[PDB]
Each structure stands twice: as C-alpha cells, then as structure tokens.
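As structure tokens, the structure follows; a few thoughts come after it.
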Amino acid sequence: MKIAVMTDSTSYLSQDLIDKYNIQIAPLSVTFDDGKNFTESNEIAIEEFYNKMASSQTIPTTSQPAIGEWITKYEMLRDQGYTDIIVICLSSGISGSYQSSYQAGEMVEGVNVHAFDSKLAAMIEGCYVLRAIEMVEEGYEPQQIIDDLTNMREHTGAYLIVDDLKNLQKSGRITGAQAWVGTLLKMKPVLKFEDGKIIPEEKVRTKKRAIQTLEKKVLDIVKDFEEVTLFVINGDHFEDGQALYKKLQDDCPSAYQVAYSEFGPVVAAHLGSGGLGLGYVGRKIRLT
Ligand SMILES: CC[C@H](C)CCCCCCCCCCC(=O)O
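The working numbering numbers the first residue of the sequence shown as 757 and each following residue consecutively.
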C-alpha cells in the first residue's frame, strides 16, 4: 500500500504546503473575452487577474479540469509506485470537476482512485486535503479516510457576501434569490453553501452589517462543535478580509484555529469584485 492525496486548483493551497507534501494539482482555467487563456497556479499574480476582469467588457468564463488532465495525473502517480489516490474535488453542486475526476478514476488502469466531493471550495476544500494527508501519515487505509472526511463534511460550511449578484447569475451559480438580482439597492446579500449549492440566507442594509452577519451566523453554529477551524476567504478588497480576520482573532477564544486565505482567479470570475467568505470546519486541521 502507498497512498497519494491530490486535488484540483480551487483548493487554493499555499505553495509551501504543495511543495512540502508533493501535492499534485489538476488545474482549472479562465478564458477572457480577448481569447487569452490562463491556467491556475501560484505563479499567477492575483492582482493582475482582477485588473483584467475589471477591464473586460464581458465576464470571463471558467473551465473544470478536462478528464484527460485527471487521467494524466493518475498515471503519473501510479508510475511513481502509488497504489491508491485520494482525490479532493470542488463542490459537485457548482462544477463538473468532481464528476470528471470520478469517471477518470473508473477509467485509469493499475491504480485505485477514491474521489471525494468536498461540497465546498477554496481552503475549506483544502482542509479535506490536509486531513487526508495527516491520516495517511498515521497509517489509515483509504476507506477509513473517506469515512472520516464524510463525517467531517457534516460539520463544515461557509457563508459569503458579494458586491453584486451579476457574476453569479451570469454563470448560473446562485440558486434562488431571483428577485434580488438587479435590485438590492444599497442592500447586500448574504449567501451560504447548502448541500453543495449557493443559496440566499439574508439581505442586510449595508456591507458593514453584512460582514457582521457573516461572523454572527458562523459563530452561532460552531459554538456547538468540539473543535473549530475558521478560514477567512478573501477577494480583492484586502482590508475587508483583513479586518474580519483580526476581529475574529479578538472575539474568539484561542481554542479556535483562525486563519486568513485568498481565493484565486476561477472563484473570482464567479463572485465578481468584493467577494468575501467565512468558512468553518468542526475539526482542528493541521495547517503546517
Ligand atoms: C468565498 C469563496 C466561496 C467559499 C466559494 C465561492 C464559489 C463560487 C462558485 C464557483 C464556481 C466554479 C465553477 C468552475 C467550473 O466548473 O467552471
């Protein structure tokens, strides 16, 4: 037995963790209306991506990893000697990445593939990667890891805000809230993940009250969990995510693990400018 853990690029893991654990990545891509194509990786300057999205007359579109890109990664790992591959994917409710990883896993010869639907994105998806690696080190077998991740998913979630619903409506990634699209006025939507999809939670009078609402919703849930990891998951407005991060560090006990992260180009194309999420896991995830 020799177990590998891999993921798609939307887990937005740091290059430090990718290098240290040799994590293979099946990348998603963005295509701009000028025909320029970019594959996700930590060498892309995220500020450069936001600049091009702001200068685009048409919103950029995204692409999941092709099934052949999953296959090539599975073949490379097999040929390094791995017998089993745990694959952590972007939510199946918002992308076909998971289903293509699953079908690729049925198709590749000579290695066992265990594809897992995180039902989330960004570093909350990334926490499933880090939990699986930790379990591999402790000697667990693949089905035990999958059972542990399925339990973890019962106490994991995220709420988020956006400036405008126009990018999510364009791509079809907001479920419901059709009466909010275009209106809103000065009001800001608070959204949440629910069984893998993005749905309305509440509409509040200002952005400041929307960020206060993110904190309240999440703290009301995680107070019942025996362990807690929170991630601020920030977009292009550095100060909004930084201020929420510092506030959580103050309001929460040190028994909560509180971290800061940013999402990359693919998620940014769907949220638009001003996206900001607060995600949670009822586990103490190893972040080093
Ligand atoms: C704050 C960040 C939160 C946690 C994640 C928001 C995700 C928005 C929808 C992303 C859809 C990506 C589709 C990729 C594809 O298959 O073309």
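Beta carbons are placed, not taken as given, at the ideal position from N, Cα and C, and that holds for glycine.
Segment contact: the region 926 to 937 against the region 872 to 889, fewer than three CB-CB distances shorter than 8 Å; contact not assigned. Distance between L924 and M762, taken at the CA atoms: about 28 Å. In this structure, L886 and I1041 form a Cβ contact; the two beta carbons are roughly 5 Å apart against a cut-off of 8 Å. The residue from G913, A782, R834 with its alpha-carbon nearest to that of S857 is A782.
Contact check for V867 and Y838: beta-carbon distance about 6 Å, within the 8 Å limit, so the pair qualifies. Distances from the CA of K948 to each of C845, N807, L1032 were compared; the closest alpha carbon is that of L1032. In this structure, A888 lies near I842, with their beta-carbon atoms less than 7 Å apart. Boundaries for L940: no beta strand (DSSP E) harbours it, and the DSSP string shows neither H nor E there. Residue state for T985 is assigned as strand, using DSSP reduced to three classes. Burial state of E825 is buried, judged by a 10 Å Cβ sphere holding 16 or more other Cβ atoms. The C-beta distance from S819 to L773 rounds to 24 Å, too long to meet the 8 Å contact threshold. Counting C-beta atoms within 10 angstroms of its own C-beta, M757 has fewer than 16 neighbours from the protein chains shown and is therefore classed as exposed. With a threshold of 16 other beta carbon atoms within 10 Å, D951 falls short and is exposed.
For the pair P816 and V918, the Cα-to-Cα distance works out to about 17 Å.
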